[PDB]
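> Structure file protein_38.txt (compact mmCIF, N, CA, C and O atoms) right here:
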```txt
# COMPACT_ATOMS: atom_id res chain seq x y z
N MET T 1 19.70 40.03 -2.07
CA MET T 1 18.44 39.24 -2.17
C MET T 1 18.08 38.63 -0.82
O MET T 1 18.79 38.80 0.16
N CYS T 2 16.99 37.91 -0.74
CA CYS T 2 16.59 37.30 0.55
C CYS T 2 16.23 38.39 1.56
O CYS T 2 16.17 39.55 1.23
N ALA T 3 16.00 38.02 2.79
CA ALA T 3 15.65 39.05 3.82
C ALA T 3 15.42 38.39 5.18
O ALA T 3 14.34 38.42 5.72
N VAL T 4 16.44 37.78 5.73
CA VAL T 4 16.27 37.13 7.06
C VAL T 4 15.95 38.18 8.12
O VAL T 4 16.35 39.32 8.03
N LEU T 5 15.22 37.80 9.14
CA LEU T 5 14.86 38.78 10.20
C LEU T 5 15.77 38.61 11.42
O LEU T 5 15.55 37.75 12.25
N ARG T 6 16.80 39.41 11.53
CA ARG T 6 17.71 39.28 12.70
C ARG T 6 17.18 40.12 13.86
O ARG T 6 17.91 40.88 14.47
N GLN T 7 15.92 39.99 14.17
CA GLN T 7 15.34 40.78 15.29
C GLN T 7 13.82 40.58 15.34
O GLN T 7 13.11 41.00 14.44
N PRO T 8 13.36 39.95 16.39
CA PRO T 8 11.91 39.70 16.55
C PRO T 8 11.17 40.99 16.92
O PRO T 8 11.65 41.79 17.70
N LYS T 9 10.01 41.20 16.36
CA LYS T 9 9.24 42.44 16.68
C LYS T 9 8.27 42.17 17.83
O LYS T 9 7.69 41.11 17.92
N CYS T 10 8.09 43.12 18.70
CA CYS T 10 7.15 42.91 19.84
C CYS T 10 6.00 43.92 19.79
O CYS T 10 6.15 45.03 19.33
N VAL T 11 4.84 43.53 20.25
CA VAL T 11 3.67 44.46 20.23
C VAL T 11 2.84 44.28 21.50
O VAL T 11 2.45 43.18 21.84
N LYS T 12 2.55 45.34 22.19
CA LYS T 12 1.74 45.22 23.43
C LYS T 12 0.25 45.18 23.08
O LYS T 12 -0.33 46.17 22.69
N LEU T 13 -0.37 44.04 23.21
CA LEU T 13 -1.82 43.93 22.88
C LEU T 13 -2.67 44.26 24.10
O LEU T 13 -3.07 43.39 24.84
N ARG T 14 -2.95 45.52 24.32
CA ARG T 14 -3.78 45.91 25.49
C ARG T 14 -5.27 45.85 25.11
O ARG T 14 -5.62 45.91 23.95
N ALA T 15 -6.13 45.71 26.07
CA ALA T 15 -7.59 45.64 25.75
C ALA T 15 -8.40 46.50 26.72
O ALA T 15 -8.27 46.39 27.92
N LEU T 16 -9.24 47.35 26.20
CA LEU T 16 -10.07 48.22 27.09
C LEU T 16 -11.16 47.38 27.76
O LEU T 16 -11.63 47.69 28.83
N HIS T 17 -11.56 46.31 27.13
CA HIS T 17 -12.61 45.43 27.72
C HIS T 17 -11.98 44.43 28.69
O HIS T 17 -12.60 43.47 29.10
N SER T 18 -10.74 44.65 29.05
CA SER T 18 -10.06 43.71 29.99
C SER T 18 -9.34 44.51 31.08
O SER T 18 -9.64 45.66 31.33
N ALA T 19 -8.40 43.90 31.74
CA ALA T 19 -7.65 44.61 32.81
C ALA T 19 -6.14 44.47 32.61
O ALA T 19 -5.39 44.38 33.56
N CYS T 20 -5.70 44.46 31.38
CA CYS T 20 -4.23 44.33 31.12
C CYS T 20 -3.97 44.21 29.62
O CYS T 20 -4.81 44.53 28.79
N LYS T 21 -2.80 43.76 29.25
CA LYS T 21 -2.46 43.61 27.81
C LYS T 21 -1.70 42.30 27.58
O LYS T 21 -1.63 41.46 28.45
N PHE T 22 -1.13 42.13 26.42
CA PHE T 22 -0.36 40.88 26.15
C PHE T 22 0.86 41.18 25.28
O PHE T 22 0.79 41.17 24.07
N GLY T 23 1.97 41.47 25.89
CA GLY T 23 3.20 41.77 25.10
C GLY T 23 3.61 40.53 24.30
O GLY T 23 4.35 39.70 24.78
N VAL T 24 3.14 40.41 23.09
CA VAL T 24 3.51 39.22 22.27
C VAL T 24 4.64 39.58 21.30
O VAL T 24 4.60 40.61 20.65
N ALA T 25 5.63 38.75 21.19
CA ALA T 25 6.76 39.04 20.26
C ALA T 25 6.84 37.97 19.17
O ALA T 25 6.50 36.82 19.40
N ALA T 26 7.29 38.32 18.00
CA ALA T 26 7.39 37.32 16.91
C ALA T 26 8.20 37.89 15.74
O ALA T 26 8.14 39.06 15.44
N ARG T 27 8.96 37.06 15.07
CA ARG T 27 9.77 37.56 13.92
C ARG T 27 8.85 38.17 12.86
O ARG T 27 8.97 39.33 12.51
N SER T 28 7.93 37.41 12.35
CA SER T 28 7.00 37.94 11.31
C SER T 28 5.89 38.75 11.98
O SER T 28 4.91 38.21 12.47
N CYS T 29 6.02 40.05 12.02
CA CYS T 29 4.97 40.90 12.66
C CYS T 29 3.58 40.37 12.31
O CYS T 29 2.64 40.51 13.07
N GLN T 30 3.44 39.76 11.16
CA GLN T 30 2.11 39.22 10.77
C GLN T 30 1.65 38.19 11.80
O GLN T 30 0.47 38.00 12.02
N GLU T 31 2.57 37.52 12.43
CA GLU T 31 2.20 36.50 13.45
C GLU T 31 1.63 37.19 14.69
O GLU T 31 0.62 36.79 15.23
N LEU T 32 2.27 38.23 15.13
CA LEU T 32 1.77 38.96 16.33
C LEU T 32 0.34 39.45 16.10
O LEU T 32 -0.51 39.34 16.95
N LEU T 33 0.07 39.98 14.93
CA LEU T 33 -1.31 40.46 14.64
C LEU T 33 -2.30 39.30 14.71
O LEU T 33 -3.16 39.25 15.56
N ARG T 34 -2.18 38.36 13.81
CA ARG T 34 -3.11 37.20 13.82
C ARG T 34 -3.30 36.70 15.26
O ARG T 34 -4.35 36.86 15.85
N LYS T 35 -2.28 36.11 15.82
CA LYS T 35 -2.40 35.62 17.22
C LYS T 35 -3.02 36.71 18.10
O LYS T 35 -3.66 36.44 19.09
N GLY T 36 -2.83 37.95 17.72
CA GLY T 36 -3.41 39.06 18.52
C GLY T 36 -4.93 39.03 18.40
O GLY T 36 -5.64 38.97 19.38
N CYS T 37 -5.44 39.07 17.19
CA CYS T 37 -6.92 39.03 17.01
C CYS T 37 -7.48 37.71 17.56
O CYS T 37 -8.68 37.55 17.70
N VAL T 38 -6.63 36.77 17.85
CA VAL T 38 -7.12 35.46 18.39
C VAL T 38 -7.30 35.55 19.90
O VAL T 38 -8.41 35.57 20.40
N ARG T 39 -6.22 35.60 20.64
CA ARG T 39 -6.34 35.68 22.12
C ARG T 39 -7.26 36.84 22.52
O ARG T 39 -7.83 36.84 23.59
N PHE T 40 -7.42 37.81 21.67
CA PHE T 40 -8.31 38.96 22.00
C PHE T 40 -9.64 38.82 21.26
O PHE T 40 -10.62 39.45 21.60
N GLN T 41 -9.68 37.99 20.25
CA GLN T 41 -10.94 37.80 19.49
C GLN T 41 -11.48 39.14 18.99
O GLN T 41 -12.31 39.76 19.63
N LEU T 42 -11.02 39.60 17.86
CA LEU T 42 -11.52 40.90 17.33
C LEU T 42 -11.97 40.75 15.88
O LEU T 42 -11.16 40.75 14.97
N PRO T 43 -13.26 40.62 15.70
CA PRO T 43 -13.84 40.47 14.35
C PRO T 43 -13.78 41.81 13.60
O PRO T 43 -13.77 42.86 14.20
N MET T 44 -13.75 41.77 12.30
CA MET T 44 -13.70 43.04 11.52
C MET T 44 -14.97 43.86 11.74
O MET T 44 -14.91 45.03 12.06
N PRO T 45 -16.10 43.22 11.56
CA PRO T 45 -17.40 43.89 11.75
C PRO T 45 -17.72 44.06 13.23
O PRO T 45 -17.22 43.33 14.07
N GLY T 46 -18.56 45.00 13.57
CA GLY T 46 -18.92 45.21 15.00
C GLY T 46 -17.65 45.15 15.86
O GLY T 46 -17.64 44.52 16.90
N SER T 47 -16.60 45.79 15.43
CA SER T 47 -15.34 45.76 16.23
C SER T 47 -14.36 46.81 15.69
O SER T 47 -14.64 47.49 14.72
N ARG T 48 -13.22 46.94 16.31
CA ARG T 48 -12.23 47.95 15.83
C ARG T 48 -11.06 48.05 16.80
O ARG T 48 -11.21 47.86 17.99
N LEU T 49 -9.89 48.35 16.31
CA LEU T 49 -8.71 48.47 17.21
C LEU T 49 -8.16 49.90 17.13
O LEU T 49 -8.55 50.67 16.29
N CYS T 50 -7.26 50.25 18.02
CA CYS T 50 -6.71 51.64 17.98
C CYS T 50 -5.32 51.69 18.62
O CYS T 50 -5.07 51.06 19.63
N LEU T 51 -4.43 52.44 18.03
CA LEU T 51 -3.06 52.55 18.59
C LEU T 51 -3.08 53.30 19.93
O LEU T 51 -3.62 54.38 20.03
N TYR T 52 -2.52 52.72 20.95
CA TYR T 52 -2.51 53.40 22.28
C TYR T 52 -1.40 54.45 22.35
O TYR T 52 -1.21 55.10 23.36
N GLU T 53 -0.66 54.62 21.28
CA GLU T 53 0.43 55.63 21.30
C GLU T 53 -0.14 57.02 21.59
O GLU T 53 0.38 57.76 22.40
N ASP T 54 -1.21 57.38 20.93
CA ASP T 54 -1.81 58.73 21.17
C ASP T 54 -3.32 58.69 20.91
O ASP T 54 -3.96 59.71 20.77
N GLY T 55 -3.89 57.52 20.84
CA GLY T 55 -5.35 57.42 20.59
C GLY T 55 -5.61 57.25 19.09
O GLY T 55 -6.64 57.64 18.59
N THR T 56 -4.69 56.66 18.38
CA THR T 56 -4.91 56.46 16.92
C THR T 56 -5.89 55.31 16.70
O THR T 56 -6.17 54.54 17.60
N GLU T 57 -6.44 55.18 15.52
CA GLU T 57 -7.41 54.07 15.28
C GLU T 57 -6.93 53.18 14.13
O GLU T 57 -6.57 53.65 13.07
N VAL T 58 -6.93 51.89 14.34
CA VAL T 58 -6.47 50.96 13.27
C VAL T 58 -7.14 49.59 13.44
O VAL T 58 -7.84 49.35 14.40
N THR T 59 -6.93 48.70 12.50
CA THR T 59 -7.56 47.35 12.61
C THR T 59 -6.49 46.26 12.56
O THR T 59 -5.36 46.50 12.18
N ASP T 60 -6.84 45.06 12.94
CA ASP T 60 -5.85 43.95 12.91
C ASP T 60 -5.47 43.61 11.47
O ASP T 60 -4.52 42.89 11.22
N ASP T 61 -6.20 44.12 10.52
CA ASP T 61 -5.88 43.82 9.09
C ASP T 61 -5.24 45.04 8.43
O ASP T 61 -4.81 44.99 7.29
N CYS T 62 -5.16 46.14 9.13
CA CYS T 62 -4.54 47.36 8.53
C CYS T 62 -3.17 47.62 9.17
O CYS T 62 -2.63 48.70 9.08
N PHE T 63 -2.61 46.63 9.81
CA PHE T 63 -1.28 46.82 10.46
C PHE T 63 -0.17 46.20 9.59
O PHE T 63 0.08 45.02 9.65
N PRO T 64 0.45 47.03 8.80
CA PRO T 64 1.54 46.56 7.90
C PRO T 64 2.80 46.22 8.72
O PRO T 64 2.97 45.11 9.17
N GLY T 65 3.68 47.17 8.90
CA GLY T 65 4.92 46.90 9.67
C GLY T 65 4.89 47.69 10.98
O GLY T 65 5.65 48.62 11.18
N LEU T 66 4.02 47.34 11.88
CA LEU T 66 3.94 48.06 13.18
C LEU T 66 5.34 48.34 13.72
O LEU T 66 6.27 47.61 13.44
N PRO T 67 5.45 49.39 14.49
CA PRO T 67 6.75 49.77 15.09
C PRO T 67 7.08 48.83 16.26
O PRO T 67 6.23 48.12 16.76
N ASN T 68 8.31 48.82 16.70
CA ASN T 68 8.68 47.93 17.83
C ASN T 68 7.69 48.08 18.97
O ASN T 68 7.12 49.14 19.18
N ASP T 69 7.46 47.04 19.72
CA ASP T 69 6.49 47.13 20.85
C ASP T 69 5.25 47.89 20.41
O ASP T 69 4.67 48.65 21.15
N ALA T 70 4.84 47.68 19.19
CA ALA T 70 3.63 48.39 18.68
C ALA T 70 2.53 48.38 19.74
O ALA T 70 2.17 47.35 20.27
N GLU T 71 2.00 49.53 20.06
CA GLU T 71 0.92 49.58 21.10
C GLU T 71 -0.45 49.43 20.44
O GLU T 71 -0.93 50.32 19.77
N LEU T 72 -1.09 48.31 20.64
CA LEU T 72 -2.44 48.10 20.03
C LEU T 72 -3.49 47.91 21.13
O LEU T 72 -3.21 47.35 22.17
N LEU T 73 -4.69 48.39 20.91
CA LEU T 73 -5.74 48.23 21.95
C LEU T 73 -7.01 47.63 21.34
O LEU T 73 -7.43 48.00 20.26
N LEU T 74 -7.62 46.70 22.02
CA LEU T 74 -8.86 46.07 21.49
C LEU T 74 -10.05 47.01 21.69
O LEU T 74 -10.18 47.65 22.72
N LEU T 75 -10.92 47.12 20.72
CA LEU T 75 -12.09 48.03 20.87
C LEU T 75 -13.22 47.57 19.95
O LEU T 75 -13.01 46.81 19.03
N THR T 76 -14.42 48.02 20.20
CA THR T 76 -15.56 47.61 19.33
C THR T 76 -16.65 48.68 19.37
O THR T 76 -16.58 49.61 20.15
N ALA T 77 -17.66 48.56 18.55
CA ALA T 77 -18.74 49.58 18.55
C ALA T 77 -19.23 49.82 19.98
O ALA T 77 -19.74 50.88 20.30
N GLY T 78 -19.08 48.86 20.84
CA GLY T 78 -19.53 49.04 22.25
C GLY T 78 -18.35 49.49 23.10
O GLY T 78 -18.33 49.31 24.30
N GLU T 79 -17.35 50.08 22.50
CA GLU T 79 -16.17 50.54 23.28
C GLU T 79 -15.45 51.67 22.54
O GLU T 79 -15.64 51.88 21.36
N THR T 80 -14.62 52.41 23.24
CA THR T 80 -13.89 53.53 22.57
C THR T 80 -12.65 53.93 23.39
O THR T 80 -12.62 53.79 24.60
N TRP T 81 -11.64 54.43 22.74
CA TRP T 81 -10.41 54.85 23.47
C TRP T 81 -10.10 56.32 23.16
O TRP T 81 -10.00 56.72 22.02
N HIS T 82 -9.95 57.14 24.17
CA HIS T 82 -9.65 58.58 23.93
C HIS T 82 -8.26 58.74 23.30
O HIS T 82 -8.13 59.06 22.14
N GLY T 83 -7.22 58.51 24.06
CA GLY T 83 -5.85 58.65 23.50
C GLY T 83 -4.83 58.74 24.64
O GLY T 83 -5.19 58.77 25.80
N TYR T 84 -3.57 58.79 24.31
CA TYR T 84 -2.52 58.88 25.37
C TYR T 84 -1.80 60.22 25.29
O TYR T 84 -0.58 60.28 25.21
N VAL T 85 -2.53 61.30 25.29
CA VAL T 85 -1.87 62.64 25.20
C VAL T 85 -2.22 63.48 26.43
O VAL T 85 -2.95 63.05 27.31
N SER T 86 -1.71 64.68 26.51
CA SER T 86 -2.01 65.55 27.68
C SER T 86 -2.83 66.77 27.25
O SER T 86 -2.41 67.90 27.42
N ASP T 87 -3.98 66.56 26.68
CA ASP T 87 -4.82 67.70 26.23
C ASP T 87 -6.30 67.38 26.43
O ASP T 87 -7.12 68.01 25.77
```
Starting from the file, lay out its structure as structure tokens.


Amino acid sequence: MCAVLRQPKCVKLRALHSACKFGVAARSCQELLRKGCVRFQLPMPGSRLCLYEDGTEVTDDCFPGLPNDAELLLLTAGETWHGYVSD
């Protein structure tokens, strides 16, 4: 029973509308997301996020258990991210 977290999760919050990212770490991955949409300010409407792993697309509310150092990028209808592949 129970479920203590013996390992904080980290996520790189990069932003295409900026010049860098924000490697934020936190035990409850839910904390990294919220604080993520905050320092980056990403509203659900007229906005959108995407995984920088290979150009995937996701939102700050659709991130269940992101992987370690989850790569997230800020984006919006006025922005877009191709992907991190070689094709």

> I'd like the contact shell of region 46-51 of chain T - 6 Å cut-off, all atoms listed in the file, skipping same-chain residues fewer than 6 positions apart - returned as number ranges by chain.

T: 57-60, 71-77, 83

> Pick out the residues sitting within 12 Å of residue 21 (chain T), and hand them over as a PyMOL selection string; count only C-alpha atoms, and ignore anything fewer than 4 positions along from it in its own chain.

chain T and resi 11-17+36+39-40+52+69-74

> To test your reading of the structure, identify every residue in chain T that backbone DSSP assigns to strand (DSSP E or B), and report it as a compact mmCIF listing (two decimals) with N, CA, C and O atoms, in the frame of the given file.


```
# COMPACT_ATOMS: atom_id res chain seq x y z
N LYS T 9 10.01 41.20 16.36
CA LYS T 9 9.24 42.44 16.68
C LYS T 9 8.27 42.17 17.83
O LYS T 9 7.69 41.11 17.92
N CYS T 10 8.09 43.12 18.70
CA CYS T 10 7.15 42.91 19.84
C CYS T 10 6.00 43.92 19.79
O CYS T 10 6.15 45.03 19.33
N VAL T 11 4.84 43.53 20.25
CA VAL T 11 3.67 44.46 20.23
C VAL T 11 2.84 44.28 21.50
O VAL T 11 2.45 43.18 21.84
N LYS T 12 2.55 45.34 22.19
CA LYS T 12 1.74 45.22 23.43
C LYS T 12 0.25 45.18 23.08
O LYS T 12 -0.33 46.17 22.69
N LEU T 13 -0.37 44.04 23.21
CA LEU T 13 -1.82 43.93 22.88
C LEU T 13 -2.67 44.26 24.10
O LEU T 13 -3.07 43.39 24.84
N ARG T 14 -2.95 45.52 24.32
CA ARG T 14 -3.78 45.91 25.49
C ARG T 14 -5.27 45.85 25.11
O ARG T 14 -5.62 45.91 23.95
N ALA T 15 -6.13 45.71 26.07
CA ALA T 15 -7.59 45.64 25.75
C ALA T 15 -8.40 46.50 26.72
O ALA T 15 -8.27 46.39 27.92
N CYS T 20 -5.70 44.46 31.38
CA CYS T 20 -4.23 44.33 31.12
C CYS T 20 -3.97 44.21 29.62
O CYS T 20 -4.81 44.53 28.79
N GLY T 23 1.97 41.47 25.89
CA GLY T 23 3.20 41.77 25.10
C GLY T 23 3.61 40.53 24.30
O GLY T 23 4.35 39.70 24.78
N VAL T 24 3.14 40.41 23.09
CA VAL T 24 3.51 39.22 22.27
C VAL T 24 4.64 39.58 21.30
O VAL T 24 4.60 40.61 20.65
N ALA T 25 5.63 38.75 21.19
CA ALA T 25 6.76 39.04 20.26
C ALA T 25 6.84 37.97 19.17
O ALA T 25 6.50 36.82 19.40
N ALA T 26 7.29 38.32 18.00
CA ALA T 26 7.39 37.32 16.91
C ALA T 26 8.20 37.89 15.74
O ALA T 26 8.14 39.06 15.44
N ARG T 48 -13.22 46.94 16.31
CA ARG T 48 -12.23 47.95 15.83
C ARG T 48 -11.06 48.05 16.80
O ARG T 48 -11.21 47.86 17.99
N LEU T 49 -9.89 48.35 16.31
CA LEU T 49 -8.71 48.47 17.21
C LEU T 49 -8.16 49.90 17.13
O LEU T 49 -8.55 50.67 16.29
N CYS T 50 -7.26 50.25 18.02
CA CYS T 50 -6.71 51.64 17.98
C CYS T 50 -5.32 51.69 18.62
O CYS T 50 -5.07 51.06 19.63
N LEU T 51 -4.43 52.44 18.03
CA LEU T 51 -3.06 52.55 18.59
C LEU T 51 -3.08 53.30 19.93
O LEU T 51 -3.62 54.38 20.03
N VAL T 58 -6.93 51.89 14.34
CA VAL T 58 -6.47 50.96 13.27
C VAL T 58 -7.14 49.59 13.44
O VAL T 58 -7.84 49.35 14.40
N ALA T 70 4.84 47.68 19.19
CA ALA T 70 3.63 48.39 18.68
C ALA T 70 2.53 48.38 19.74
O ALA T 70 2.17 47.35 20.27
N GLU T 71 2.00 49.53 20.06
CA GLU T 71 0.92 49.58 21.10
C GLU T 71 -0.45 49.43 20.44
O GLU T 71 -0.93 50.32 19.77
N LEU T 72 -1.09 48.31 20.64
CA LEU T 72 -2.44 48.10 20.03
C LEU T 72 -3.49 47.91 21.13
O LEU T 72 -3.21 47.35 22.17
N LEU T 73 -4.69 48.39 20.91
CA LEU T 73 -5.74 48.23 21.95
C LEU T 73 -7.01 47.63 21.34
O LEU T 73 -7.43 48.00 20.26
N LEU T 74 -7.62 46.70 22.02
CA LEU T 74 -8.86 46.07 21.49
C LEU T 74 -10.05 47.01 21.69
O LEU T 74 -10.18 47.65 22.72
N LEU T 75 -10.92 47.12 20.72
CA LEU T 75 -12.09 48.03 20.87
C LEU T 75 -13.22 47.57 19.95
O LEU T 75 -13.01 46.81 19.03
```

> What is the CA of residue 56 (chain T)-atom N of residue 24 (chain T) distance in Å, reported with one decimal?

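That distance, rounded to one decimal, is 19.0 Å.
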
> Please, what distance in Å, to one decimal, runs between CA of residue 25 (chain T) and atom C of residue 64 (chain T)?

14.2 Å

> Which residue is closest to residue 66 (chain T)? Choose from T:10, T:38, T:5, T:20 and count only C-alpha atoms.

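Closest candidate: T:10.
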
> Starting from 8 Å padding per side, set up an axis-aligned box that covers all listed atoms of region 82-85 of chain T and hand over centre and edge lengths in Å, one decimal, as AutoDock Vina command-line options.


```
--center_x -5.3 --center_y 60.3 --center_z 24.7 --size_x 25.4 --size_y 22.3 --size_z 21.2
```

> With distances taken over all atoms listed in the file, which residue among T:3, T:79, T:9, T:53 lies nearest residue 67 (chain T)?

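Closest to residue 67 (chain T), using all atoms listed in the file: T:9.
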
> Determine, counting only C-alpha atoms, which protein, DNA and RNA residues have an atom within 10 Å of an atom of residue 4 (chain T); residues of the same chain fewer than 3 positions away are not included. Present the result as a PyMOL selection string.

chain T and resi 1+7+27

> Please report the interatomic distance between atom O of residue 55 (chain T) and atom C of residue 80 (chain T) in Å with one decimal.

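Taking atom O of residue 55 (chain T) as the start and atom C of residue 80 (chain T) as the end point, the length is 8.5 Å.
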
> Which parts of region 14-60 of chain T does DSSP call alpha helix (DSSP H) when run on the backbone here, written out as a list in words?

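Output for region 14-60 of chain T, alpha helix (DSSP H) only: residues 29, 30, 31, 32, 33, 34, 35, 36, 37, 38 and 39 of chain T.
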
> Region 23-41 of chain T from the block above, N, CA, C and O atoms, as a short mmCIF file (atom, residue, chain, number, x, y, z; two decimals), in the first residue's frame, please?


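Generated output (decode_38.cif):
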```cif
data_model
loop_
_atom_site.label_atom_id
_atom_site.label_comp_id
_atom_site.auth_asym_id
_atom_site.auth_seq_id
_atom_site.Cartn_x
_atom_site.Cartn_y
_atom_site.Cartn_z
N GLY T 23 14.95 23.54 -16.92
CA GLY T 23 14.97 22.17 -16.34
C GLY T 23 14.39 22.20 -14.93
O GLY T 23 15.09 22.43 -13.96
N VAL T 24 13.11 21.98 -14.80
CA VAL T 24 12.48 22.00 -13.45
C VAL T 24 12.31 20.57 -12.93
O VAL T 24 11.86 19.69 -13.63
N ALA T 25 12.66 20.33 -11.69
CA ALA T 25 12.51 18.96 -11.12
C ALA T 25 11.52 18.97 -9.96
O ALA T 25 11.39 19.96 -9.25
N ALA T 26 10.82 17.89 -9.74
CA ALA T 26 9.84 17.85 -8.62
C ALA T 26 9.36 16.42 -8.39
O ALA T 26 9.22 15.64 -9.32
N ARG T 27 9.11 16.05 -7.16
CA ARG T 27 8.64 14.66 -6.88
C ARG T 27 7.33 14.39 -7.63
O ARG T 27 7.24 13.48 -8.43
N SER T 28 6.32 15.18 -7.38
CA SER T 28 5.02 14.97 -8.08
C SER T 28 5.08 15.58 -9.48
O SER T 28 4.90 16.76 -9.66
N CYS T 29 5.34 14.77 -10.47
CA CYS T 29 5.41 15.30 -11.87
C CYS T 29 4.31 16.34 -12.10
O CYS T 29 4.46 17.25 -12.88
N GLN T 30 3.20 16.20 -11.42
CA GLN T 30 2.10 17.19 -11.60
C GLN T 30 2.60 18.59 -11.23
O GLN T 30 2.13 19.58 -11.75
N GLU T 31 3.54 18.67 -10.33
CA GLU T 31 4.08 20.00 -9.93
C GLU T 31 4.89 20.60 -11.08
O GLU T 31 4.76 21.76 -11.41
N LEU T 32 5.73 19.81 -11.69
CA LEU T 32 6.55 20.33 -12.82
C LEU T 32 5.64 20.88 -13.92
O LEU T 32 5.89 21.93 -14.48
N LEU T 33 4.59 20.18 -14.23
CA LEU T 33 3.66 20.66 -15.30
C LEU T 33 3.05 22.00 -14.89
O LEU T 33 3.30 23.02 -15.50
N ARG T 34 2.25 22.01 -13.85
CA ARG T 34 1.63 23.29 -13.40
C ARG T 34 2.68 24.40 -13.42
O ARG T 34 2.63 25.30 -14.24
N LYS T 35 3.62 24.35 -12.53
CA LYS T 35 4.68 25.40 -12.51
C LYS T 35 5.21 25.63 -13.92
O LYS T 35 5.67 26.70 -14.27
N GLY T 36 5.13 24.62 -14.75
CA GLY T 36 5.62 24.77 -16.15
C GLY T 36 4.70 25.72 -16.90
O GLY T 36 5.13 26.71 -17.45
N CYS T 37 3.42 25.44 -16.93
CA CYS T 37 2.48 26.34 -17.65
C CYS T 37 2.48 27.73 -16.99
O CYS T 37 1.95 28.68 -17.53
N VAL T 38 3.07 27.85 -15.84
CA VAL T 38 3.11 29.17 -15.15
C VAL T 38 4.29 30.00 -15.66
O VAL T 38 4.12 30.96 -16.38
N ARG T 39 5.49 29.63 -15.29
CA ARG T 39 6.68 30.40 -15.76
C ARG T 39 6.65 30.55 -17.28
O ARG T 39 7.25 31.46 -17.83
N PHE T 40 5.97 29.68 -17.97
CA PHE T 40 5.91 29.78 -19.45
C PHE T 40 4.56 30.36 -19.88
O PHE T 40 4.39 30.82 -20.99
N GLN T 41 3.60 30.36 -18.99
CA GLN T 41 2.26 30.91 -19.33
C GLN T 41 1.71 30.26 -20.60
O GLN T 41 1.87 30.77 -21.69
#
```
